[PDB]
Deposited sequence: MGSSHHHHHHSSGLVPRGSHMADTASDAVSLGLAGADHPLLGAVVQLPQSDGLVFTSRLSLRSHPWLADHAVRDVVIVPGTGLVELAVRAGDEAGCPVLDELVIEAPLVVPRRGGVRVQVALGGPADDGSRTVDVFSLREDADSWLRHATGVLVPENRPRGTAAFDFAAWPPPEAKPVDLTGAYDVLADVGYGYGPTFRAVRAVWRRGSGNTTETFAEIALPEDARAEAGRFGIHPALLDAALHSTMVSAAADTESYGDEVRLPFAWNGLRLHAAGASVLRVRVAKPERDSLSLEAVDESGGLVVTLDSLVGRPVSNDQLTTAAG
C-alpha cells in the first residue's frame, strides 16, 4: 500500500509509487520489476537476455511527464539496457526534475539490481508542456491499405528475426500485416498492429503498451526479414490517445539512419506520433 507509506499509487502496470519532491518541485516514480511479477517482459529478449524495450522506457517517461503536465517527449536518449534478471527483482526509478522557465523538465531512468551497490542510468531526456495539441492524423489512414502499397508475406519473418538475435515472444509478435511503397529514402512502411488477447487487459492500463509501440516500429524489420540494433535517440514523441490495442501505422525515413511514426486507432483517431528515432548497433 503506497498510501500507508506516505506515497501515492502510480496506478500503472510498470510503476509502483509516485511521490512529489517539494524541495525541488520535482517528483519520482518507483517500481520493482521481476519476471515473476511482470512475466510478459520475458517476451522481449535480445540474445536470450530479458531487457526492457526502449518503448517501455518511453512509456515510463511519458507517464512521469503527464503527472506534471509535461506530456511531450522532446528528447530521450537510451544509454544502457535495463536488464531484467531471470530471478529476483530490479528496482526502477523515474526521476523528473523541476520545471525550467519554459516549463521543460529533465527525466532520467535508473535501476538498482538487488545485488548492486550503485544505480545504473538507462535513459535521460526532456519533457515539455503541450503548447498546442495536434488534431487529426496527417496521413490519409482512411484509404487503407494505401494505394500502390504492395503487401509483404510475413510467413517466417519473426523466425528470421529470432535467428539474427531479436527474441520476440507472443506479447510482442503483434505485426499483423505489412505493406511497402517506394524504394530508397522515400520508403514508406504500412502495418496493422494488434496485441494478442493475452495483453489486452494490460494494454488498457498503459499510455501505450510498450509491445504495441515496439511492434509499430519493428514492422520495418519484419518487413526486411521477409526481404542487432537498439533504439538510440528519440525525438518528438507524443501520445495522443491512451490505452489502445490495435493500430494502423505509417513508418518513414526523415534521414537515412532514422524513422518517423504516425499511428491511428481503428476509428481513425491519432494515437502516437514520433518525429525522429535514431538507432545504434
Which runs of the deposited chain sequence never show up in the coordinates? 1-26, 254-260, 315-325
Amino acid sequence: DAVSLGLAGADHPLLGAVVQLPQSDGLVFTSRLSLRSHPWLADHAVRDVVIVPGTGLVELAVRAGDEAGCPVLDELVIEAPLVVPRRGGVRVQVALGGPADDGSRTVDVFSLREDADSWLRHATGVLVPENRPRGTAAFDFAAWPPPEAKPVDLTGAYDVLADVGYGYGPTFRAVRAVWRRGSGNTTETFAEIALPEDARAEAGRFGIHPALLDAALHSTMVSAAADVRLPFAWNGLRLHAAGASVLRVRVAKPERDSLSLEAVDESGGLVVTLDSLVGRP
From here on, numbers count along this sequence of modelled residues.
As the entry reports it, the stretch among 180-188 and 126-134 with higher mean C-alpha B factor is 180-188
Can you tell me whether 137-145 has a higher mean C-alpha B factor than 111-119 in this record, or the other way round? 111-119
In this PDB entry, which of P71, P210, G204, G165 has the top CA B-factor? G165
Which is it among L239, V251, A61, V228: the one with the largest CA B-factor in the entry? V228
Third of the chain's Cα B-factor distribution that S267 belongs to, per the entry: middle
Split into thirds by Cα B-factor across the chain's modelled residues, where does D214 land: lowest, middle or highest? lowest
Within-chain third of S223 by Cα B-factor, per the entry: highest
C-alpha B factor of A8, ranked within the chain: lowest, middle or highest third? middle
Using the temperature factors of the C-alpha atoms in this entry, rank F29 within its chain: lowest, middle or highest third. lowest
